[PDB]
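**Q** Following this message is one structure expressed as structure tokens.
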Amino acid sequence: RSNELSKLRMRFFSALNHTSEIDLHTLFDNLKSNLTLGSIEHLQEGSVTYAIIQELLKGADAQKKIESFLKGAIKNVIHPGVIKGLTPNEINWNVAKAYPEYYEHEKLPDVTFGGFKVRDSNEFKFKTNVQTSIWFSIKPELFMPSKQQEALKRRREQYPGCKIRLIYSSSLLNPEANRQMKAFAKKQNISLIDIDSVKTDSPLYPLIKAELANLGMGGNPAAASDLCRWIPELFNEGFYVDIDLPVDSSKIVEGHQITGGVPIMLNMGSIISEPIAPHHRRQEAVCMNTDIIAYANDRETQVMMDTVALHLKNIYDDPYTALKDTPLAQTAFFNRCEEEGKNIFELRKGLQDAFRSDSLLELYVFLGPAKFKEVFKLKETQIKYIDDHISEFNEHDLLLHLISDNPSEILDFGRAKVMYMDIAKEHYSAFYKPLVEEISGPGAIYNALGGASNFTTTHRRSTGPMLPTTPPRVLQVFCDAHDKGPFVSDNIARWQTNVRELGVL
Ligand SMILES: O=c1ccn([C@@H]2O[C@H](COP(=O)(O)OP(=O)(O)O)[C@@H](O)[C@H]2O)c(=O)[nH]1
């Protein structure tokens, strides 16, 4: 009646850059029976449609050619694209494929991701309104700390009526924490799944129960959480999101549906390296994280989840191969555990006990001479003499050898000991994290889906609108759940981040 037609016309003239090489009033008029606001976005500078229009304006008969092109582009590519949940990149590629006379472009390369060839058909569909999170409590009295409760209250009470599913373990909570779990879930209309009574043939189910039963004995609940994410009976649609992740309102799509070229998508970015030999060129390496994971409503989802599940099973069965390039692998303790066939729980627990002993002699047995050398910055001859004589040393004798040999580094024996133990503790995190990250975590998944060399290529930029014509672009356009979904993550690098300026905590 009509302030809506007026917003539409202003968006249109704005998108096409207020040009008068043609008559935007007539073009507008001739397109408006089939023009919606959602379509205009794919007409702006940066889009393939815009770039075609710029070349068509330099041509004779601009007005009519532009009109024909746009009627067609909107009707057959863009508008069915918007209705289906396609991104600007997916729509751009679809225009390029439809108008090869107007947009020169290469073929879709052959890229494998989890045993599956990435497609540009847009056939995998994913719900954004179905969200599953995992909270395994390490405190029997406490079902979930307040911060995670509020995060759940916020995603709901901001953004219904998405469905919210919460996996937990009853067996980790005392009866009172349990009753409080059920009431929290009921009050917040959360679908609750107890991991203790779930039915599945997955190999990952015993590993999950064991990580949880082994709490206090090297078991880790983030590692159990990680594994749950590859069990088809638990995840077969919607999203996995870290319980703590925020929703960006403006990113919610109105059909609550997005698409992909693989049936399981993840949070992805990439790192541009320093120049490498022999041509002094930068490499782009794709990185991926499991803080956000999307699962298509489709049989191909179960097949990709089973390839990944067989890789994780493998790692739990022999973790030494997975941890081979990590810092813990340089220690005497890891060597020994490897001979002895210790499992990941004893590896983790052994590591913990060593840094809880408050004993430099025990730290030495753990680290061994090479790693003890590097950690306390010793000269070769100094560690050689320590190692030769270690079976004669008490705790003070070792301490006296450190003091003579360095500081620098850190006149009272009690304080000097603390200074030296605290230097050793600086390395704890670097020793521990991979025992989750490279076992069930983002490092294991990365390898399960293809690893370092499936996902690294020579960095090539441009030109103009991004199309999926090299392997990292294929993955950027078609396989990344973070960009396409409504959750925010600063947990890994964004796409095409220089290794120098990383921006991560
Ligand atoms: O006590 C815990 C700790 C974590 N986790 C699981 O492991 C993930 C931990 O990742 P974290 O949130 O610590 O990474 P961040 O949010 O800091 O990026 C959580 O989402 C949970 O699913 C859990 O179940 N219980």
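Just so we're on the same page: first chain in the structure tokens is A, next is B, and so on; residues restart at 1 for each chain, and ligands are numbered from 1 in the order they show up.
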Kindly work out which residues sit at most 10 Å from ligand 1, using only C-alpha atoms and all ligand atoms, and give the list as a ChimeraX atom specification.
**A** /A:132-139,144-145,148,166-169,212,220-229,240-245,290-292,441,489-492
**Q** Residues as selected, C-alpha atoms, written as a CSV table (one decimal), in the first residue's frame, can you do that?
**A**
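So the final result, stored in out24.csv, reads:
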```
chain,number,residue,atom,x,y,z
A,132,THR,CA,22.9,-31.1,20.8
A,133,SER,CA,25.4,-30.4,23.6
A,134,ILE,CA,27.3,-32.6,26.1
A,135,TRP,CA,27.9,-32.1,29.8
A,136,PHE,CA,29.6,-34.8,31.8
A,137,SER,CA,30.1,-33.5,35.3
A,138,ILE,CA,33.3,-34.3,37.3
A,139,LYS,CA,31.5,-33.5,40.6
A,144,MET,CA,26.2,-28.5,35.6
A,145,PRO,CA,27.9,-25.3,36.8
A,148,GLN,CA,26.7,-23.7,31.4
A,166,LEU,CA,21.7,-32.6,26.1
A,167,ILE,CA,23.8,-35.7,26.5
A,168,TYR,CA,24.9,-36.4,30.2
A,169,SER,CA,25.8,-39.4,32.4
A,212,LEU,CA,34.1,-41.7,32.3
A,220,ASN,CA,39.1,-37.2,30.7
A,221,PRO,CA,35.5,-36.1,30.2
A,222,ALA,CA,36.3,-33.8,27.3
A,223,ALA,CA,37.7,-36.8,25.6
A,224,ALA,CA,34.4,-38.8,26.2
A,225,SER,CA,32.5,-35.7,24.9
A,226,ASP,CA,34.7,-35.8,21.8
A,227,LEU,CA,34.0,-39.4,21.1
A,228,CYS,CA,30.1,-39.2,21.6
A,229,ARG,CA,30.1,-36.9,18.5
A,240,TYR,CA,26.7,-30.5,17.7
A,241,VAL,CA,27.8,-27.2,19.4
A,242,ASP,CA,29.9,-26.7,22.4
A,243,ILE,CA,27.7,-26.0,25.3
A,244,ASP,CA,29.4,-22.6,25.8
A,245,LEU,CA,29.0,-21.2,22.2
A,290,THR,CA,34.8,-30.0,16.4
A,291,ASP,CA,33.3,-27.3,18.5
A,292,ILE,CA,30.6,-26.9,15.8
A,441,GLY,CA,40.0,-34.6,19.5
A,489,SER,CA,33.6,-19.5,17.4
A,490,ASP,CA,36.9,-17.8,17.8
A,491,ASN,CA,38.4,-21.3,18.7
A,492,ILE,CA,40.4,-21.7,15.5
```
**Q** Excluding same-chain residues fewer than 5 positions from residue 267 (chain A), what lies within 12 Å of it counting only C-alpha atoms, as a ChimeraX atom specification?
**A** /A:239-242,286-294,442,445-446,475-476,478-495
**Q** Can you pull out every residue within 6 Å of region 118-130 of chain A, counting only C-alpha atoms, but drop anything in the same chain fewer than 4 positions away, and send it as an MDAnalysis selection string?
**A** chainID A and resid 111 162:163 238 256:263 296
**Q** With only C-alpha atoms as the counted atoms, please give the residues lying no more than 6 Å from region 171-177 of chain A, apart from itself and same-chain residues fewer than 2 positions off, as a PyMOL selection string.
**A** chain A and resi 140-143+169+179-180
**Q** May I have the residues from that selection written out with N, CA and C atoms, as a PDB file, in the first residue's frame?
**A**
```
ATOM      1  N   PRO A 140      30.069 -35.194  41.653  1.00  0.00           N
ATOM      2  CA  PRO A 140      28.756 -35.882  41.774  1.00  0.00           C
ATOM      3  C   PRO A 140      27.651 -35.022  42.319  1.00  0.00           C
ATOM      4  N   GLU A 141      27.998 -33.992  43.074  1.00  0.00           N
ATOM      5  CA  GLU A 141      26.989 -33.124  43.714  1.00  0.00           C
ATOM      6  C   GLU A 141      26.424 -32.071  42.737  1.00  0.00           C
ATOM      7  N   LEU A 142      27.152 -31.784  41.659  1.00  0.00           N
ATOM      8  CA  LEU A 142      26.848 -30.687  40.735  1.00  0.00           C
ATOM      9  C   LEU A 142      26.521 -31.164  39.291  1.00  0.00           C
ATOM     10  N   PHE A 143      25.242 -31.130  38.877  1.00  0.00           N
ATOM     11  CA  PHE A 143      24.877 -31.573  37.502  1.00  0.00           C
ATOM     12  C   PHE A 143      25.571 -30.723  36.382  1.00  0.00           C
ATOM     13  N   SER A 169      25.727 -38.073  31.782  1.00  0.00           N
ATOM     14  CA  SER A 169      25.767 -39.370  32.423  1.00  0.00           C
ATOM     15  C   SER A 169      25.164 -39.309  33.829  1.00  0.00           C
ATOM     16  N   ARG A 179      18.208 -35.571  40.120  1.00  0.00           N
ATOM     17  CA  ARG A 179      16.842 -35.039  40.189  1.00  0.00           C
ATOM     18  C   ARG A 179      16.856 -33.597  39.699  1.00  0.00           C
ATOM     19  N   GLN A 180      17.875 -32.849  40.097  1.00  0.00           N
ATOM     20  CA  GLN A 180      18.048 -31.478  39.618  1.00  0.00           C
ATOM     21  C   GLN A 180      18.357 -31.418  38.128  1.00  0.00           C
TER      22      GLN A 180
END
```
**Q** Excluding residue 329 (chain A) and any residue of its chain fewer than 6 positions from it, enumerate the residues within 9 Å of it, using only C-alpha atoms, and give them as a PyMOL selection string.
**A** chain A and resi 320+323+335+431
**Q** Export, as a short mmCIF file (atom, residue, chain, number, x, y, z; two decimals), in the first residue's frame, the selected residues with N, CA and C atoms.
**A**
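Saved file part.cif follows:
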```cif
data_model
loop_
_atom_site.label_atom_id
_atom_site.label_comp_id
_atom_site.auth_asym_id
_atom_site.auth_seq_id
_atom_site.Cartn_x
_atom_site.Cartn_y
_atom_site.Cartn_z
N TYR A 320 50.42 -44.62 20.55
CA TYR A 320 51.83 -44.24 20.46
C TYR A 320 52.14 -43.68 19.09
N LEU A 323 50.67 -40.07 18.95
CA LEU A 323 51.44 -39.16 19.79
C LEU A 323 52.96 -39.05 19.40
N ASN A 335 58.53 -43.69 26.24
CA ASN A 335 59.26 -44.87 25.76
C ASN A 335 58.89 -46.12 26.51
N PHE A 431 52.57 -31.27 27.32
CA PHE A 431 52.63 -32.72 27.43
C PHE A 431 51.24 -33.32 27.46
#
```
**Q** Mind giving me the straight-line distance from CA of residue 463 (chain A) to CA of residue 80 (chain A) in Å, one decimal?
**A**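 Distance reported for this atom pair: 26.6 Å.
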**Q** Between CA of residue 468 (chain A) and CA of residue 95 (chain A), what is the distance, to one decimal in Å?
**A**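 Value for the CA of residue 468 (chain A)-CA of residue 95 (chain A) distance: 12.7 Å.
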**Q** Skip residue 11 (chain A) itself and residues of its chain fewer than 2 positions away, then list as a list in words all residues within 12 Å of it, counting only C-alpha atoms.
**A**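 Those residues are residues 4, 5, 6, 7, 8, 9, 13, 14, 15, 16, 17, 18, 24, 28, 35, 36, 37, 38, 39, 40, 41, 42, 43 and 44 of chain A.
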**Q** Restrict the selected residues to N, CA, C and O atoms and save them as an mmCIF file, in the first residue's frame.
**A**
```cif
data_model
loop_
_atom_site.group_PDB
_atom_site.id
_atom_site.type_symbol
_atom_site.label_atom_id
_atom_site.label_comp_id
_atom_site.auth_asym_id
_atom_site.auth_seq_id
_atom_site.Cartn_x
_atom_site.Cartn_y
_atom_site.Cartn_z
ATOM 1 N N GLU A 4 6.752 -1.274 1.544
ATOM 2 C CA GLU A 4 7.562 -2.452 1.245
ATOM 3 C C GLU A 4 8.135 -2.437 -0.174
ATOM 4 O O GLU A 4 9.299 -2.823 -0.373
ATOM 5 N N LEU A 5 7.315 -2.041 -1.157
ATOM 6 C CA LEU A 5 7.802 -1.871 -2.524
ATOM 7 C C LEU A 5 8.909 -0.816 -2.538
ATOM 8 O O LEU A 5 9.874 -0.924 -3.314
ATOM 9 N N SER A 6 8.792 0.190 -1.681
ATOM 10 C CA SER A 6 9.794 1.242 -1.656
ATOM 11 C C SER A 6 11.149 0.749 -1.119
ATOM 12 O O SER A 6 12.175 1.131 -1.676
ATOM 13 N N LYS A 7 11.161 -0.108 -0.084
ATOM 14 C CA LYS A 7 12.432 -0.706 0.419
ATOM 15 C C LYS A 7 13.101 -1.573 -0.672
ATOM 16 O O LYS A 7 14.294 -1.481 -0.924
ATOM 17 N N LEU A 8 12.284 -2.381 -1.335
ATOM 18 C CA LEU A 8 12.709 -3.185 -2.460
ATOM 19 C C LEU A 8 13.396 -2.350 -3.552
ATOM 20 O O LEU A 8 14.483 -2.662 -3.918
ATOM 21 N N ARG A 9 12.791 -1.279 -4.047
ATOM 22 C CA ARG A 9 13.395 -0.409 -5.046
ATOM 23 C C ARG A 9 14.675 0.234 -4.515
ATOM 24 O O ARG A 9 15.676 0.298 -5.202
ATOM 25 N N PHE A 13 18.443 -0.257 -6.417
ATOM 26 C CA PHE A 13 19.281 0.792 -6.968
ATOM 27 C C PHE A 13 20.618 0.823 -6.231
ATOM 28 O O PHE A 13 21.665 1.005 -6.844
ATOM 29 N N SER A 14 20.575 0.706 -4.909
ATOM 30 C CA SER A 14 21.803 0.572 -4.076
ATOM 31 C C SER A 14 22.691 -0.618 -4.574
ATOM 32 O O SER A 14 23.836 -0.425 -4.985
ATOM 33 N N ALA A 15 22.134 -1.819 -4.627
ATOM 34 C CA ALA A 15 22.878 -2.986 -5.161
ATOM 35 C C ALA A 15 23.566 -2.755 -6.512
ATOM 36 O O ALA A 15 24.734 -3.085 -6.668
ATOM 37 N N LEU A 16 22.889 -2.141 -7.463
ATOM 38 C CA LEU A 16 23.457 -1.953 -8.773
ATOM 39 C C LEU A 16 24.103 -0.621 -8.925
ATOM 40 O O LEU A 16 24.261 -0.143 -10.030
ATOM 41 N N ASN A 17 24.460 -0.027 -7.802
ATOM 42 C CA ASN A 17 25.404 1.049 -7.766
ATOM 43 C C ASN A 17 24.859 2.340 -8.382
ATOM 44 O O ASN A 17 25.596 3.078 -9.004
ATOM 45 N N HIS A 18 23.562 2.581 -8.218
ATOM 46 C CA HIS A 18 22.876 3.765 -8.770
ATOM 47 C C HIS A 18 23.269 4.148 -10.215
ATOM 48 O O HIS A 18 23.301 5.335 -10.548
ATOM 49 N N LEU A 24 17.444 2.162 -14.448
ATOM 50 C CA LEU A 24 17.204 1.203 -13.440
ATOM 51 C C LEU A 24 15.739 1.172 -13.101
ATOM 52 O O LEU A 24 15.246 0.156 -12.636
ATOM 53 N N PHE A 28 13.998 -2.394 -13.012
ATOM 54 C CA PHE A 28 13.291 -2.680 -11.797
ATOM 55 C C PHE A 28 11.856 -3.068 -12.014
ATOM 56 O O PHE A 28 11.417 -4.115 -11.538
ATOM 57 N N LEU A 35 10.783 -10.437 -7.912
ATOM 58 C CA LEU A 35 11.976 -9.933 -7.207
ATOM 59 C C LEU A 35 11.634 -9.838 -5.743
ATOM 60 O O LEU A 35 10.626 -9.266 -5.415
ATOM 61 N N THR A 36 12.432 -10.465 -4.884
ATOM 62 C CA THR A 36 12.250 -10.379 -3.437
ATOM 63 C C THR A 36 13.482 -9.745 -2.812
ATOM 64 O O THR A 36 14.513 -9.688 -3.447
ATOM 65 N N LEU A 37 13.390 -9.261 -1.586
ATOM 66 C CA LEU A 37 14.572 -8.676 -0.897
ATOM 67 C C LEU A 37 15.756 -9.649 -0.790
ATOM 68 O O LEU A 37 16.931 -9.264 -0.911
ATOM 69 N N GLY A 38 15.445 -10.909 -0.505
ATOM 70 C CA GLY A 38 16.466 -11.913 -0.311
ATOM 71 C C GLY A 38 17.277 -12.125 -1.557
ATOM 72 O O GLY A 38 18.375 -12.607 -1.486
ATOM 73 N N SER A 39 16.739 -11.771 -2.709
ATOM 74 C CA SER A 39 17.439 -11.994 -3.950
ATOM 75 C C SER A 39 18.443 -10.885 -4.192
ATOM 76 O O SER A 39 19.451 -11.115 -4.842
ATOM 77 N N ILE A 40 18.157 -9.683 -3.671
ATOM 78 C CA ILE A 40 18.911 -8.511 -4.051
ATOM 79 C C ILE A 40 20.350 -8.623 -3.549
ATOM 80 O O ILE A 40 21.277 -8.258 -4.244
ATOM 81 N N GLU A 41 20.536 -9.123 -2.346
ATOM 82 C CA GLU A 41 21.871 -9.488 -1.838
ATOM 83 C C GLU A 41 22.862 -10.154 -2.845
ATOM 84 O O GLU A 41 24.051 -9.879 -2.815
ATOM 85 N N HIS A 42 22.354 -11.018 -3.735
ATOM 86 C CA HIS A 42 23.149 -11.718 -4.767
ATOM 87 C C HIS A 42 23.338 -10.975 -6.038
ATOM 88 O O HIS A 42 23.945 -11.484 -6.988
ATOM 89 N N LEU A 43 22.885 -9.740 -6.009
ATOM 90 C CA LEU A 43 23.089 -8.769 -7.053
ATOM 91 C C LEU A 43 24.132 -7.679 -6.746
ATOM 92 O O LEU A 43 24.482 -6.925 -7.648
ATOM 93 N N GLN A 44 24.588 -7.579 -5.496
ATOM 94 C CA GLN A 44 25.545 -6.497 -5.016
ATOM 95 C C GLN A 44 26.945 -6.697 -5.472
ATOM 96 O O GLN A 44 27.327 -7.804 -5.752
#
```
**Q** Which of these residues is nearest to residue 156 (chain A), using only C-alpha atoms: A:471, A:246, A:451, A:414?
**A**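 Comparing A:471, A:246, A:451, A:414 against residue 156 (chain A), the winner is A:246.
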**Q** How many Å separate CA of residue 255 (chain A) from CA of residue 306 (chain A)?
**A**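 We find that CA of residue 255 (chain A) and CA of residue 306 (chain A) lie 29.4 Å from each other.
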**Q** Find, counting only C-alpha atoms, the residue in A:236, A:149, A:19, A:249 that gets nearest to residue 187 (chain A).
**A** A:149
**Q** With only C-alpha atoms as the basis for distance, which of A:181, A:268, A:150, A:253 is at the shortest distance from residue 85 (chain A)?
**A**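 So, comparing all the options, the nearest one is A:253.
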**Q** Might you pull out every residue within 10 Å of residue 52 (chain A), with only C-alpha atoms counted and same-chain residues fewer than 2 positions away left off, and present them as a VMD selection string?
**A** chain A and resid 43 47 to 50 54 to 57 66 69 95 to 96 99 101 to 103
**Q** Considering only C-alpha atoms, can you say which of A:71, A:456, A:327, A:425 comes closest to residue 371 (chain A)?
**A**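 For residue 371 (chain A), the nearest of the candidates is A:327.
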**Q** As a VMD selection string, please: every residue in region 66-131 of chain A that a backbone DSSP assignment puts in alpha helix (DSSP H).
**A** chain A and resid 66 to 73 79 to 83 88 to 98
**Q** Residues of the last selection are to be written out with N, CA and C atoms, as a compact mmCIF listing (two decimals), in the first residue's frame.
**A**
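Full text of again36.txt as output:
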```
# COMPACT_ATOMS: atom_id res chain seq x y z
N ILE A 66 20.88 -7.05 -20.05
CA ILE A 66 20.88 -7.10 -18.61
C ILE A 66 19.50 -7.59 -18.16
N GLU A 67 18.43 -7.11 -18.77
CA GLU A 67 17.12 -7.55 -18.28
C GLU A 67 16.93 -9.06 -18.47
N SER A 68 17.32 -9.58 -19.64
CA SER A 68 17.12 -11.00 -19.94
C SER A 68 17.90 -11.89 -18.98
N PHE A 69 19.17 -11.58 -18.85
CA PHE A 69 20.07 -12.24 -17.93
C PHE A 69 19.49 -12.31 -16.53
N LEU A 70 19.09 -11.16 -16.01
CA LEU A 70 18.55 -11.08 -14.65
C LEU A 70 17.22 -11.77 -14.46
N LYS A 71 16.33 -11.70 -15.41
CA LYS A 71 15.06 -12.46 -15.26
C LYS A 71 15.38 -13.91 -15.05
N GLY A 72 16.28 -14.40 -15.89
CA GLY A 72 16.73 -15.78 -15.88
C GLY A 72 17.51 -16.17 -14.66
N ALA A 73 18.47 -15.32 -14.30
CA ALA A 73 19.28 -15.58 -13.12
C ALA A 73 18.43 -15.57 -11.90
N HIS A 79 16.75 -17.21 -6.93
CA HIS A 79 15.60 -17.35 -6.07
C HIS A 79 15.40 -18.81 -5.61
N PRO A 80 15.55 -19.80 -6.51
CA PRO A 80 15.49 -21.16 -5.88
C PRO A 80 16.68 -21.40 -4.92
N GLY A 81 17.78 -20.69 -5.14
CA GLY A 81 18.91 -20.75 -4.22
C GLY A 81 18.62 -20.22 -2.84
N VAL A 82 17.98 -19.06 -2.77
CA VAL A 82 17.65 -18.48 -1.47
C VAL A 82 16.67 -19.34 -0.71
N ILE A 83 15.68 -19.87 -1.42
CA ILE A 83 14.62 -20.67 -0.75
C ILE A 83 15.19 -21.93 -0.10
N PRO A 88 25.76 -16.87 -0.16
CA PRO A 88 26.22 -16.11 -1.32
C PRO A 88 27.27 -16.85 -2.15
N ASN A 89 28.17 -17.66 -1.57
CA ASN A 89 29.18 -18.29 -2.37
C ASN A 89 28.56 -19.42 -3.22
N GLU A 90 27.58 -20.10 -2.66
CA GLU A 90 27.01 -21.25 -3.31
C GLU A 90 26.20 -20.68 -4.45
N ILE A 91 25.55 -19.54 -4.23
CA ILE A 91 24.71 -18.95 -5.30
C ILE A 91 25.61 -18.42 -6.41
N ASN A 92 26.75 -17.81 -6.05
CA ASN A 92 27.67 -17.32 -7.04
C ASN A 92 28.17 -18.39 -7.95
N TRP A 93 28.57 -19.52 -7.40
CA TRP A 93 29.01 -20.61 -8.22
C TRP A 93 27.91 -21.14 -9.16
N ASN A 94 26.69 -21.26 -8.65
CA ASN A 94 25.54 -21.68 -9.44
C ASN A 94 25.26 -20.73 -10.60
N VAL A 95 25.45 -19.42 -10.41
CA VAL A 95 25.27 -18.44 -11.52
C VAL A 95 26.36 -18.70 -12.54
N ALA A 96 27.61 -18.85 -12.09
CA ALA A 96 28.78 -19.10 -12.97
C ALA A 96 28.54 -20.31 -13.85
N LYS A 97 27.98 -21.40 -13.26
CA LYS A 97 27.75 -22.68 -13.98
C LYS A 97 26.67 -22.42 -15.01
N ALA A 98 25.57 -21.73 -14.63
CA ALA A 98 24.48 -21.35 -15.57
C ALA A 98 24.88 -20.40 -16.68
```
